[PDB]
>>> print(open('target_13.cif').read())   # mmCIF, N, CA and C atoms
data_coords
#
loop_
_atom_site.label_atom_id
_atom_site.label_comp_id
_atom_site.auth_asym_id
_atom_site.auth_seq_id
_atom_site.Cartn_x
_atom_site.Cartn_y
_atom_site.Cartn_z
N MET A 1 -12.71 -14.41 0.52
CA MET A 1 -12.67 -13.31 -0.48
C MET A 1 -11.48 -12.39 -0.18
N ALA A 2 -11.68 -11.40 0.63
CA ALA A 2 -10.56 -10.48 0.97
C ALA A 2 -9.68 -11.12 2.05
N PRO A 3 -8.41 -11.24 1.78
CA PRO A 3 -7.45 -11.84 2.72
C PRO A 3 -7.08 -10.82 3.80
N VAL A 4 -7.00 -11.25 5.03
CA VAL A 4 -6.65 -10.30 6.12
C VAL A 4 -5.40 -9.48 5.74
N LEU A 5 -5.56 -8.22 5.44
CA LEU A 5 -4.37 -7.36 5.13
C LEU A 5 -3.54 -7.92 3.95
N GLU A 6 -2.76 -7.07 3.31
CA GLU A 6 -1.93 -7.51 2.13
C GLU A 6 -0.52 -6.88 2.14
N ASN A 7 0.44 -7.57 1.54
CA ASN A 7 1.85 -7.07 1.48
C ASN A 7 2.04 -6.06 0.34
N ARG A 8 1.59 -4.86 0.53
CA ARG A 8 1.72 -3.83 -0.55
C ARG A 8 3.13 -3.22 -0.63
N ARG A 9 3.75 -2.93 0.48
CA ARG A 9 5.08 -2.23 0.46
C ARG A 9 6.18 -2.95 -0.34
N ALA A 10 6.31 -4.24 -0.24
CA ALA A 10 7.42 -4.92 -0.97
C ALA A 10 7.01 -5.32 -2.38
N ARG A 11 5.86 -5.88 -2.55
CA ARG A 11 5.45 -6.28 -3.92
C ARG A 11 5.19 -5.00 -4.71
N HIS A 12 4.81 -3.96 -4.03
CA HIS A 12 4.52 -2.67 -4.71
C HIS A 12 5.74 -1.75 -4.72
N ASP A 13 6.43 -1.67 -3.62
CA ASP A 13 7.57 -0.71 -3.56
C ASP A 13 8.96 -1.34 -3.45
N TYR A 14 9.16 -2.46 -2.78
CA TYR A 14 10.59 -2.92 -2.71
C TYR A 14 10.78 -4.45 -2.82
N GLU A 15 11.97 -4.86 -3.25
CA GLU A 15 12.33 -6.32 -3.39
C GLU A 15 12.74 -6.82 -2.01
N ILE A 16 12.24 -7.88 -1.53
CA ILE A 16 12.62 -8.19 -0.13
C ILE A 16 13.88 -9.05 0.08
N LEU A 17 14.80 -8.46 0.81
CA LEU A 17 16.12 -9.04 1.20
C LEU A 17 15.95 -10.21 2.20
N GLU A 18 15.59 -9.92 3.44
CA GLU A 18 15.46 -11.00 4.49
C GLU A 18 13.98 -11.14 4.91
N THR A 19 13.49 -12.35 5.08
CA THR A 19 12.04 -12.54 5.46
C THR A 19 11.88 -13.56 6.61
N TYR A 20 10.73 -13.57 7.26
CA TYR A 20 10.48 -14.58 8.34
C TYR A 20 9.05 -15.06 8.27
N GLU A 21 8.84 -16.21 8.80
CA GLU A 21 7.51 -16.84 8.78
C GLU A 21 6.99 -16.94 10.22
N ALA A 22 6.02 -16.13 10.55
CA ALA A 22 5.47 -16.15 11.93
C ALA A 22 4.06 -16.74 11.93
N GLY A 23 3.54 -17.06 13.08
CA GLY A 23 2.17 -17.63 13.15
C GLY A 23 1.37 -16.76 14.11
N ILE A 24 0.50 -15.94 13.59
CA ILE A 24 -0.27 -15.04 14.50
C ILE A 24 -1.63 -15.66 14.77
N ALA A 25 -1.89 -16.02 15.99
CA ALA A 25 -3.22 -16.64 16.29
C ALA A 25 -4.26 -15.58 16.57
N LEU A 26 -5.49 -15.97 16.44
CA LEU A 26 -6.62 -15.03 16.60
C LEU A 26 -7.56 -15.49 17.70
N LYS A 27 -8.27 -14.57 18.29
CA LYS A 27 -9.27 -14.95 19.30
C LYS A 27 -10.50 -15.42 18.51
N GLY A 28 -11.59 -15.72 19.15
CA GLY A 28 -12.76 -16.24 18.38
C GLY A 28 -13.35 -15.19 17.44
N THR A 29 -13.52 -13.99 17.89
CA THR A 29 -14.08 -12.94 17.00
C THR A 29 -12.96 -12.30 16.24
N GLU A 30 -11.75 -12.59 16.59
CA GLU A 30 -10.64 -11.98 15.86
C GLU A 30 -10.82 -12.35 14.42
N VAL A 31 -11.39 -13.47 14.14
CA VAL A 31 -11.55 -13.80 12.71
C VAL A 31 -12.53 -12.86 12.01
N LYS A 32 -13.56 -12.36 12.63
CA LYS A 32 -14.42 -11.45 11.83
C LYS A 32 -13.65 -10.16 11.58
N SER A 33 -13.09 -9.60 12.61
CA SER A 33 -12.31 -8.33 12.48
C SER A 33 -10.99 -8.59 11.76
N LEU A 34 -10.39 -9.71 12.00
CA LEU A 34 -9.08 -10.03 11.37
C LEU A 34 -9.31 -10.38 9.90
N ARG A 35 -10.19 -11.30 9.65
CA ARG A 35 -10.50 -11.67 8.25
C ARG A 35 -11.26 -10.50 7.63
N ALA A 36 -11.90 -9.71 8.46
CA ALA A 36 -12.64 -8.52 7.93
C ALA A 36 -11.91 -7.26 8.38
N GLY A 37 -10.63 -7.37 8.66
CA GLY A 37 -9.86 -6.20 9.16
C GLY A 37 -9.01 -5.55 8.08
N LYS A 38 -8.81 -4.27 8.21
CA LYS A 38 -7.95 -3.52 7.26
C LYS A 38 -6.79 -2.90 8.05
N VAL A 39 -5.59 -3.30 7.77
CA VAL A 39 -4.41 -2.75 8.50
C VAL A 39 -3.55 -1.99 7.52
N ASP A 40 -2.75 -1.07 7.98
CA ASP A 40 -1.88 -0.38 7.00
C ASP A 40 -0.63 -1.24 6.85
N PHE A 41 -0.50 -1.93 5.74
CA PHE A 41 0.72 -2.76 5.55
C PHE A 41 1.66 -1.97 4.65
N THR A 42 2.75 -1.52 5.23
CA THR A 42 3.77 -0.71 4.52
C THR A 42 4.20 0.41 5.46
N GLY A 43 5.39 0.94 5.31
CA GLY A 43 5.83 2.00 6.27
C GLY A 43 5.50 1.46 7.66
N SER A 44 5.52 0.16 7.77
CA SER A 44 5.17 -0.52 9.04
C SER A 44 6.44 -1.04 9.71
N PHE A 45 6.35 -1.48 10.94
CA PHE A 45 7.58 -1.99 11.61
C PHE A 45 7.21 -3.14 12.54
N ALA A 46 8.15 -3.99 12.78
CA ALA A 46 7.93 -5.13 13.70
C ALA A 46 9.13 -5.12 14.64
N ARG A 47 8.98 -5.53 15.86
CA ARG A 47 10.15 -5.45 16.78
C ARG A 47 10.67 -6.85 17.06
N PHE A 48 11.96 -6.98 17.13
CA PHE A 48 12.56 -8.31 17.35
C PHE A 48 13.21 -8.41 18.72
N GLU A 49 12.58 -9.12 19.58
CA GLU A 49 13.15 -9.33 20.93
C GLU A 49 13.84 -10.70 20.93
N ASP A 50 14.34 -11.11 19.78
CA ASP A 50 15.01 -12.44 19.68
C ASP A 50 14.16 -13.46 20.45
N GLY A 51 12.94 -13.64 20.03
CA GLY A 51 12.04 -14.59 20.72
C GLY A 51 10.59 -14.17 20.45
N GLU A 52 10.36 -12.89 20.30
CA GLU A 52 8.97 -12.41 20.03
C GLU A 52 8.98 -11.39 18.89
N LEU A 53 7.97 -11.41 18.06
CA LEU A 53 7.87 -10.44 16.95
C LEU A 53 6.64 -9.58 17.21
N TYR A 54 6.84 -8.43 17.73
CA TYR A 54 5.69 -7.56 18.08
C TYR A 54 5.26 -6.68 16.93
N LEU A 55 3.98 -6.48 16.79
CA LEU A 55 3.52 -5.54 15.76
C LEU A 55 4.10 -4.23 16.27
N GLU A 56 4.61 -3.36 15.46
CA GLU A 56 5.20 -2.14 16.08
C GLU A 56 4.64 -0.90 15.39
N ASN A 57 4.67 -0.85 14.10
CA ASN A 57 4.09 0.32 13.41
C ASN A 57 2.98 -0.20 12.51
N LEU A 58 2.47 -1.37 12.81
CA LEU A 58 1.37 -1.93 11.99
C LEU A 58 0.07 -1.79 12.77
N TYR A 59 -0.73 -0.83 12.40
CA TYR A 59 -2.00 -0.59 13.12
C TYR A 59 -3.12 -1.38 12.48
N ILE A 60 -3.94 -2.00 13.27
CA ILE A 60 -5.02 -2.83 12.71
C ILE A 60 -6.34 -2.10 12.87
N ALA A 61 -7.04 -1.88 11.79
CA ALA A 61 -8.33 -1.15 11.86
C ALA A 61 -9.44 -1.99 11.22
N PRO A 62 -10.26 -2.59 12.05
CA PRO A 62 -11.37 -3.43 11.58
C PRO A 62 -12.51 -2.55 11.04
N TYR A 63 -12.77 -1.44 11.67
CA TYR A 63 -13.85 -0.55 11.18
C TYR A 63 -13.98 0.65 12.11
N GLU A 64 -12.88 1.18 12.57
CA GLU A 64 -12.94 2.36 13.48
C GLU A 64 -12.89 3.64 12.66
N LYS A 65 -13.68 3.73 11.62
CA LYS A 65 -13.69 4.96 10.78
C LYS A 65 -13.65 6.19 11.69
N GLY A 66 -14.42 6.18 12.74
CA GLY A 66 -14.43 7.35 13.67
C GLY A 66 -13.40 7.12 14.77
N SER A 67 -12.15 7.37 14.50
CA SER A 67 -11.10 7.16 15.53
C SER A 67 -11.12 8.32 16.53
N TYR A 68 -10.75 8.07 17.75
CA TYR A 68 -10.74 9.15 18.77
C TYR A 68 -9.34 9.27 19.37
N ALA A 69 -9.24 9.65 20.62
CA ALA A 69 -7.90 9.78 21.25
C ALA A 69 -7.10 8.50 21.02
N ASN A 70 -7.74 7.37 21.11
CA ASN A 70 -7.02 6.08 20.89
C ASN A 70 -8.03 4.93 20.88
N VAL A 71 -8.52 4.57 19.73
CA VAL A 71 -9.51 3.46 19.65
C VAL A 71 -8.79 2.15 19.35
N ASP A 72 -9.00 1.15 20.18
CA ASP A 72 -8.33 -0.16 19.94
C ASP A 72 -9.16 -0.97 18.95
N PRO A 73 -8.50 -1.56 17.99
CA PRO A 73 -9.15 -2.37 16.95
C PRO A 73 -9.56 -3.74 17.49
N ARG A 74 -8.68 -4.70 17.38
CA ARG A 74 -8.99 -6.07 17.86
C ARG A 74 -7.74 -6.93 17.70
N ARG A 75 -7.02 -6.72 16.63
CA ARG A 75 -5.77 -7.49 16.40
C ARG A 75 -5.01 -7.58 17.72
N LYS A 76 -4.96 -6.47 18.41
CA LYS A 76 -4.25 -6.38 19.74
C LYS A 76 -2.75 -6.18 19.51
N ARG A 77 -2.17 -6.92 18.59
CA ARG A 77 -0.71 -6.78 18.25
C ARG A 77 0.10 -7.90 18.90
N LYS A 78 1.38 -7.92 18.63
CA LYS A 78 2.30 -8.95 19.20
C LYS A 78 2.39 -10.17 18.28
N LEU A 79 2.68 -10.01 17.01
CA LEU A 79 2.79 -11.24 16.16
C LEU A 79 3.71 -12.26 16.84
N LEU A 80 3.58 -13.53 16.52
CA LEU A 80 4.45 -14.57 17.16
C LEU A 80 5.43 -15.11 16.12
N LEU A 81 6.71 -15.02 16.38
CA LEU A 81 7.70 -15.54 15.41
C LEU A 81 8.55 -16.60 16.06
N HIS A 82 8.77 -17.68 15.40
CA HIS A 82 9.71 -18.66 15.96
C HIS A 82 10.95 -17.80 16.20
N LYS A 83 11.58 -17.88 17.31
CA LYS A 83 12.71 -16.94 17.53
C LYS A 83 13.77 -17.10 16.45
N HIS A 84 14.02 -18.29 15.99
CA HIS A 84 15.04 -18.44 14.93
C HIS A 84 14.61 -17.58 13.74
N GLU A 85 13.32 -17.48 13.54
CA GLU A 85 12.79 -16.66 12.41
C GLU A 85 12.94 -15.16 12.70
N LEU A 86 12.78 -14.77 13.94
CA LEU A 86 12.85 -13.32 14.27
C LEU A 86 14.28 -12.76 14.14
N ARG A 87 15.25 -13.42 14.70
CA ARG A 87 16.65 -12.90 14.61
C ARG A 87 17.22 -13.00 13.18
N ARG A 88 16.84 -14.00 12.42
CA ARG A 88 17.43 -14.16 11.04
C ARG A 88 16.91 -13.10 10.04
N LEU A 89 15.63 -12.88 9.98
CA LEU A 89 15.09 -11.88 9.00
C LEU A 89 15.40 -10.46 9.48
N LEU A 90 15.20 -10.23 10.73
CA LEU A 90 15.40 -8.88 11.30
C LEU A 90 16.89 -8.54 11.34
N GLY A 91 17.72 -9.53 11.54
CA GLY A 91 19.18 -9.26 11.62
C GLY A 91 19.70 -8.61 10.33
N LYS A 92 18.99 -8.70 9.23
CA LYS A 92 19.53 -8.07 7.98
C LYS A 92 19.10 -6.60 7.89
N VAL A 93 17.92 -6.25 8.32
CA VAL A 93 17.48 -4.83 8.23
C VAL A 93 18.38 -3.93 9.07
N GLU A 94 18.91 -4.45 10.13
CA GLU A 94 19.79 -3.64 11.01
C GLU A 94 20.94 -3.03 10.19
N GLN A 95 21.17 -3.53 9.00
CA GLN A 95 22.27 -2.96 8.17
C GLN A 95 22.19 -1.43 8.17
N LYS A 96 21.37 -0.87 7.32
CA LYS A 96 21.25 0.62 7.27
C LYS A 96 20.28 1.02 6.16
N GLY A 97 19.14 1.54 6.52
CA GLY A 97 18.15 1.96 5.49
C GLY A 97 17.24 0.78 5.15
N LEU A 98 17.07 -0.12 6.07
CA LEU A 98 16.21 -1.31 5.81
C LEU A 98 15.03 -1.31 6.78
N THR A 99 13.92 -1.91 6.42
CA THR A 99 12.78 -1.94 7.38
C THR A 99 12.33 -3.37 7.64
N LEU A 100 11.40 -3.55 8.54
CA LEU A 100 10.87 -4.89 8.81
C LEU A 100 9.35 -4.76 8.86
N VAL A 101 8.72 -5.50 8.05
CA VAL A 101 7.24 -5.46 7.96
C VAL A 101 6.71 -6.86 7.64
N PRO A 102 5.66 -7.30 8.30
CA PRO A 102 5.05 -8.62 8.03
C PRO A 102 4.15 -8.47 6.78
N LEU A 103 4.74 -7.99 5.71
CA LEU A 103 4.02 -7.71 4.42
C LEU A 103 2.72 -8.48 4.30
N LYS A 104 2.70 -9.73 4.59
CA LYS A 104 1.42 -10.44 4.39
C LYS A 104 0.94 -11.11 5.66
N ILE A 105 -0.23 -10.75 6.10
CA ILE A 105 -0.80 -11.41 7.30
C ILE A 105 -2.03 -12.21 6.85
N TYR A 106 -1.96 -13.51 6.90
CA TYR A 106 -3.12 -14.35 6.48
C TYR A 106 -3.78 -14.84 7.75
N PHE A 107 -5.07 -14.98 7.76
CA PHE A 107 -5.72 -15.39 9.03
C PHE A 107 -6.74 -16.52 8.82
N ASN A 108 -6.94 -17.32 9.83
CA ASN A 108 -7.93 -18.44 9.75
C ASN A 108 -8.51 -18.67 11.15
N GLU A 109 -9.76 -19.05 11.25
CA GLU A 109 -10.39 -19.25 12.59
C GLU A 109 -9.70 -20.38 13.37
N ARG A 110 -8.76 -21.06 12.78
CA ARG A 110 -8.06 -22.15 13.52
C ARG A 110 -6.92 -21.55 14.36
N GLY A 111 -6.93 -20.26 14.59
CA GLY A 111 -5.82 -19.65 15.38
C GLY A 111 -4.54 -19.81 14.58
N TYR A 112 -4.67 -19.81 13.29
CA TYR A 112 -3.47 -19.95 12.43
C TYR A 112 -3.44 -18.80 11.43
N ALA A 113 -2.54 -17.89 11.63
CA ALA A 113 -2.40 -16.74 10.70
C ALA A 113 -0.97 -16.77 10.19
N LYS A 114 -0.75 -16.58 8.94
CA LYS A 114 0.66 -16.64 8.47
C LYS A 114 1.22 -15.24 8.29
N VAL A 115 2.37 -14.98 8.83
CA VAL A 115 2.96 -13.63 8.68
C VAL A 115 4.25 -13.70 7.87
N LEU A 116 4.35 -12.91 6.84
CA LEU A 116 5.57 -12.92 6.01
C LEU A 116 6.33 -11.61 6.24
N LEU A 117 7.60 -11.69 6.52
CA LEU A 117 8.38 -10.44 6.76
C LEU A 117 9.12 -10.09 5.50
N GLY A 118 9.22 -8.85 5.20
CA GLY A 118 10.00 -8.48 4.04
C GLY A 118 10.95 -7.37 4.45
N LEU A 119 12.20 -7.68 4.51
CA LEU A 119 13.20 -6.68 4.87
C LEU A 119 13.59 -6.02 3.58
N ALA A 120 13.37 -4.76 3.44
CA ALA A 120 13.73 -4.15 2.16
C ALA A 120 14.98 -3.34 2.34
N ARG A 121 15.92 -3.52 1.48
CA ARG A 121 17.15 -2.73 1.60
C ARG A 121 16.99 -1.53 0.68
N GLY A 122 16.81 -0.37 1.22
CA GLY A 122 16.61 0.81 0.33
C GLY A 122 17.92 1.15 -0.39
N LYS A 123 19.03 0.76 0.17
CA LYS A 123 20.34 1.05 -0.47
C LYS A 123 20.82 -0.18 -1.24
#
>>> encode(input="target_13.cif", output="structure tokens")
Amino acid sequence: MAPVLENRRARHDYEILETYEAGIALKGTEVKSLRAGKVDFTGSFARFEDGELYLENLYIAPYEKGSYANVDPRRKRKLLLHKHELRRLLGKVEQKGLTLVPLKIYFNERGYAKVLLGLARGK
């Protein structure tokens, strides 16, 4: 029914310039919180270590309505990007006024989650 998180920022706010395809795996219960998780997709960021794609400004909230000093959700963070995918999509946002967000995170109990990056050029 509800897909783990959705790409609102680019389909809703911007046309995407550079993108990447990552595979984010889940733990066993990650699928209830992940498939039943709500993350803020947009105004989000991902970090490119030319080998790893870390969740950076993408917070995952499965159901922590009552947040405190720092409540951990479950996603944990650290999306996985084929490094060729991380440097190619992210290399375009570095221009000026561009962001990097895994607009769409799809998840499956097979440890297979699909992450789509959308680099939006605001200029």
>>> select_by_dssp(input="target_13.cif", residues="chain A", states="strand (DSSP E)", output="PyMOL selection string")
chain A and resi 21-23+38-39+46-48+53-55+60-61+98-99+104-106+114-116+120-121
>>> write_last_selection(input="target_13.cif", atoms="N, CA and C atoms", output="PDB file, in the coordinates of the input")
ATOM      1  N   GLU A  21       8.840 -16.210   8.800  1.00  0.00           N
ATOM      2  CA  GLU A  21       7.510 -16.840   8.780  1.00  0.00           C
ATOM      3  C   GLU A  21       6.990 -16.940  10.220  1.00  0.00           C
ATOM      4  N   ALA A  22       6.020 -16.130  10.550  1.00  0.00           N
ATOM      5  CA  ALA A  22       5.470 -16.150  11.930  1.00  0.00           C
ATOM      6  C   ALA A  22       4.060 -16.740  11.930  1.00  0.00           C
ATOM      7  N   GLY A  23       3.540 -17.060  13.080  1.00  0.00           N
ATOM      8  CA  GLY A  23       2.170 -17.630  13.150  1.00  0.00           C
ATOM      9  C   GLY A  23       1.370 -16.760  14.110  1.00  0.00           C
ATOM     10  N   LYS A  38      -8.810  -4.270   8.210  1.00  0.00           N
ATOM     11  CA  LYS A  38      -7.950  -3.520   7.260  1.00  0.00           C
ATOM     12  C   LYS A  38      -6.790  -2.900   8.050  1.00  0.00           C
ATOM     13  N   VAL A  39      -5.590  -3.300   7.770  1.00  0.00           N
ATOM     14  CA  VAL A  39      -4.410  -2.750   8.500  1.00  0.00           C
ATOM     15  C   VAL A  39      -3.550  -1.990   7.520  1.00  0.00           C
ATOM     16  N   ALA A  46       8.150  -3.990  12.780  1.00  0.00           N
ATOM     17  CA  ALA A  46       7.930  -5.130  13.700  1.00  0.00           C
ATOM     18  C   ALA A  46       9.130  -5.120  14.640  1.00  0.00           C
ATOM     19  N   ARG A  47       8.980  -5.530  15.860  1.00  0.00           N
ATOM     20  CA  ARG A  47      10.150  -5.450  16.780  1.00  0.00           C
ATOM     21  C   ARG A  47      10.670  -6.850  17.060  1.00  0.00           C
ATOM     22  N   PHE A  48      11.960  -6.980  17.130  1.00  0.00           N
ATOM     23  CA  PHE A  48      12.560  -8.310  17.350  1.00  0.00           C
ATOM     24  C   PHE A  48      13.210  -8.410  18.720  1.00  0.00           C
ATOM     25  N   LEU A  53       7.970 -11.410  18.060  1.00  0.00           N
ATOM     26  CA  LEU A  53       7.870 -10.440  16.950  1.00  0.00           C
ATOM     27  C   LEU A  53       6.640  -9.580  17.210  1.00  0.00           C
ATOM     28  N   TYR A  54       6.840  -8.430  17.730  1.00  0.00           N
ATOM     29  CA  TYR A  54       5.690  -7.560  18.080  1.00  0.00           C
ATOM     30  C   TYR A  54       5.260  -6.680  16.930  1.00  0.00           C
ATOM     31  N   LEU A  55       3.980  -6.480  16.790  1.00  0.00           N
ATOM     32  CA  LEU A  55       3.520  -5.540  15.760  1.00  0.00           C
ATOM     33  C   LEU A  55       4.100  -4.230  16.270  1.00  0.00           C
ATOM     34  N   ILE A  60      -3.940  -2.000  13.270  1.00  0.00           N
ATOM     35  CA  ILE A  60      -5.020  -2.830  12.710  1.00  0.00           C
ATOM     36  C   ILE A  60      -6.340  -2.100  12.870  1.00  0.00           C
ATOM     37  N   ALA A  61      -7.040  -1.880  11.790  1.00  0.00           N
ATOM     38  CA  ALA A  61      -8.330  -1.150  11.860  1.00  0.00           C
ATOM     39  C   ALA A  61      -9.440  -1.990  11.220  1.00  0.00           C
ATOM     40  N   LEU A  98      17.070  -0.120   6.070  1.00  0.00           N
ATOM     41  CA  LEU A  98      16.210  -1.310   5.810  1.00  0.00           C
ATOM     42  C   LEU A  98      15.030  -1.310   6.780  1.00  0.00           C
ATOM     43  N   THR A  99      13.920  -1.910   6.420  1.00  0.00           N
ATOM     44  CA  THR A  99      12.780  -1.940   7.380  1.00  0.00           C
ATOM     45  C   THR A  99      12.330  -3.370   7.640  1.00  0.00           C
ATOM     46  N   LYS A 104       2.700  -9.730   4.590  1.00  0.00           N
ATOM     47  CA  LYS A 104       1.420 -10.440   4.390  1.00  0.00           C
ATOM     48  C   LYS A 104       0.940 -11.110   5.660  1.00  0.00           C
ATOM     49  N   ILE A 105      -0.230 -10.750   6.100  1.00  0.00           N
ATOM     50  CA  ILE A 105      -0.800 -11.410   7.300  1.00  0.00           C
ATOM     51  C   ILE A 105      -2.030 -12.210   6.850  1.00  0.00           C
ATOM     52  N   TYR A 106      -1.960 -13.510   6.900  1.00  0.00           N
ATOM     53  CA  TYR A 106      -3.120 -14.350   6.480  1.00  0.00           C
ATOM     54  C   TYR A 106      -3.780 -14.840   7.750  1.00  0.00           C
ATOM     55  N   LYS A 114      -0.750 -16.580   8.940  1.00  0.00           N
ATOM     56  CA  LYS A 114       0.660 -16.640   8.470  1.00  0.00           C
ATOM     57  C   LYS A 114       1.220 -15.240   8.290  1.00  0.00           C
ATOM     58  N   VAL A 115       2.370 -14.980   8.830  1.00  0.00           N
ATOM     59  CA  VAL A 115       2.960 -13.630   8.680  1.00  0.00           C
ATOM     60  C   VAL A 115       4.250 -13.700   7.870  1.00  0.00           C
ATOM     61  N   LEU A 116       4.350 -12.910   6.840  1.00  0.00           N
ATOM     62  CA  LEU A 116       5.570 -12.920   6.010  1.00  0.00           C
ATOM     63  C   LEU A 116       6.330 -11.610   6.240  1.00  0.00           C
ATOM     64  N   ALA A 120      13.370  -4.760   3.440  1.00  0.00           N
ATOM     65  CA  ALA A 120      13.730  -4.150   2.160  1.00  0.00           C
ATOM     66  C   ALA A 120      14.980  -3.340   2.340  1.00  0.00           C
ATOM     67  N   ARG A 121      15.920  -3.520   1.480  1.00  0.00           N
ATOM     68  CA  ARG A 121      17.150  -2.730   1.600  1.00  0.00           C
ATOM     69  C   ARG A 121      16.990  -1.530   0.680  1.00  0.00           C
TER      70      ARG A 121
END
>>> residues_around(input="target_13.cif", residues="segment 81-95 of chain A", least_positions_apart="6", cutoff="8 Å", atoms="only N, CA and C atoms", output="count of residues only")
21
>>> select_by_dssp(input="target_13.cif", residues="chain A", states="alpha helix (DSSP H)", output="JSON, numbers by chain")
{"A": [8, 30, 31, 32, 33, 34, 35, 83, 84, 85, 86, 87, 88, 89, 90, 91, 92, 93]}
>>> write_last_selection(input="target_13.cif", atoms="N, CA and C atoms", output="mmCIF file, in the coordinates of the input")
data_model
loop_
_atom_site.group_PDB
_atom_site.id
_atom_site.type_symbol
_atom_site.label_atom_id
_atom_site.label_comp_id
_atom_site.auth_asym_id
_atom_site.auth_seq_id
_atom_site.Cartn_x
_atom_site.Cartn_y
_atom_site.Cartn_z
ATOM 1 N N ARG A 8 1.590 -4.860 0.530
ATOM 2 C CA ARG A 8 1.720 -3.830 -0.550
ATOM 3 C C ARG A 8 3.130 -3.220 -0.630
ATOM 4 N N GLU A 30 -11.750 -12.590 16.590
ATOM 5 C CA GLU A 30 -10.640 -11.980 15.860
ATOM 6 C C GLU A 30 -10.820 -12.350 14.420
ATOM 7 N N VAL A 31 -11.390 -13.470 14.140
ATOM 8 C CA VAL A 31 -11.550 -13.800 12.710
ATOM 9 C C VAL A 31 -12.530 -12.860 12.010
ATOM 10 N N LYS A 32 -13.560 -12.360 12.630
ATOM 11 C CA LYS A 32 -14.420 -11.450 11.830
ATOM 12 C C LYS A 32 -13.650 -10.160 11.580
ATOM 13 N N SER A 33 -13.090 -9.600 12.610
ATOM 14 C CA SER A 33 -12.310 -8.330 12.480
ATOM 15 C C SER A 33 -10.990 -8.590 11.760
ATOM 16 N N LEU A 34 -10.390 -9.710 12.000
ATOM 17 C CA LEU A 34 -9.080 -10.030 11.370
ATOM 18 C C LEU A 34 -9.310 -10.380 9.900
ATOM 19 N N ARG A 35 -10.190 -11.300 9.650
ATOM 20 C CA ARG A 35 -10.500 -11.670 8.250
ATOM 21 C C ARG A 35 -11.260 -10.500 7.630
ATOM 22 N N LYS A 83 11.580 -17.880 17.310
ATOM 23 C CA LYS A 83 12.710 -16.940 17.530
ATOM 24 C C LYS A 83 13.770 -17.100 16.450
ATOM 25 N N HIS A 84 14.020 -18.290 15.990
ATOM 26 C CA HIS A 84 15.040 -18.440 14.930
ATOM 27 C C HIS A 84 14.610 -17.580 13.740
ATOM 28 N N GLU A 85 13.320 -17.480 13.540
ATOM 29 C CA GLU A 85 12.790 -16.660 12.410
ATOM 30 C C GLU A 85 12.940 -15.160 12.700
ATOM 31 N N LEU A 86 12.780 -14.770 13.940
ATOM 32 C CA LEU A 86 12.850 -13.320 14.270
ATOM 33 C C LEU A 86 14.280 -12.760 14.140
ATOM 34 N N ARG A 87 15.250 -13.420 14.700
ATOM 35 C CA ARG A 87 16.650 -12.900 14.610
ATOM 36 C C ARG A 87 17.220 -13.000 13.180
ATOM 37 N N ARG A 88 16.840 -14.000 12.420
ATOM 38 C CA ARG A 88 17.430 -14.160 11.040
ATOM 39 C C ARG A 88 16.910 -13.100 10.040
ATOM 40 N N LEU A 89 15.630 -12.880 9.980
ATOM 41 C CA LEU A 89 15.090 -11.880 9.000
ATOM 42 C C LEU A 89 15.400 -10.460 9.480
ATOM 43 N N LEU A 90 15.200 -10.230 10.730
ATOM 44 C CA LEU A 90 15.400 -8.880 11.300
ATOM 45 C C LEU A 90 16.890 -8.540 11.340
ATOM 46 N N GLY A 91 17.720 -9.530 11.540
ATOM 47 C CA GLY A 91 19.180 -9.260 11.620
ATOM 48 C C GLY A 91 19.700 -8.610 10.330
ATOM 49 N N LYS A 92 18.990 -8.700 9.230
ATOM 50 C CA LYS A 92 19.530 -8.070 7.980
ATOM 51 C C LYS A 92 19.100 -6.600 7.890
ATOM 52 N N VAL A 93 17.920 -6.250 8.320
ATOM 53 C CA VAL A 93 17.480 -4.830 8.230
ATOM 54 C C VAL A 93 18.380 -3.930 9.070
#
>>> resolve_selection(input="target_13.cif", expression="the PyMOL selection byres ((chain A and resi 41) around 8)", output="PyMOL selection string")
chain A and resi 5-10+38-40+42-45+57-59+101-104
>>> resolve_selection(input="target_13.cif", expression="the PyMOL selection byres (((chain A and resi 109-113 and name CA) around 6) and name CA)", output="PyMOL selection string")
chain A and resi 23-26+31+106-108+114
>>> decode(input="target_13.cif", residues="segment 25-43 of chain A", atoms="C-alpha atoms", output="PDB file, in the first residue's frame")
ATOM      1  CA  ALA A  25      19.141  -2.943   2.614  1.00  0.00           C
ATOM      2  CA  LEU A  26      16.964  -3.389   5.665  1.00  0.00           C
ATOM      3  CA  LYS A  27      17.261  -5.413   8.856  1.00  0.00           C
ATOM      4  CA  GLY A  28      14.468  -7.925   9.610  1.00  0.00           C
ATOM      5  CA  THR A  29      12.166  -5.474  11.401  1.00  0.00           C
ATOM      6  CA  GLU A  30      13.421  -2.654   9.259  1.00  0.00           C
ATOM      7  CA  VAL A  31      10.698  -3.681   6.906  1.00  0.00           C
ATOM      8  CA  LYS A  32       7.874  -2.914   9.358  1.00  0.00           C
ATOM      9  CA  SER A  33       9.341   0.492  10.267  1.00  0.00           C
ATOM     10  CA  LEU A  34      10.815   1.018   6.786  1.00  0.00           C
ATOM     11  CA  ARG A  35       7.761  -0.125   4.844  1.00  0.00           C
ATOM     12  CA  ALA A  36       5.737   1.494   7.650  1.00  0.00           C
ATOM     13  CA  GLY A  37       8.177   4.417   8.069  1.00  0.00           C
ATOM     14  CA  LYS A  38       7.653   8.107   7.333  1.00  0.00           C
ATOM     15  CA  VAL A  39      10.788  10.123   6.453  1.00  0.00           C
ATOM     16  CA  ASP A  40      11.010  13.745   5.418  1.00  0.00           C
ATOM     17  CA  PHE A  41      11.900  13.504   1.718  1.00  0.00           C
ATOM     18  CA  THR A  42      12.857  16.989   0.487  1.00  0.00           C
ATOM     19  CA  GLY A  43      15.162  19.715   1.843  1.00  0.00           C
TER      20      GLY A  43
END
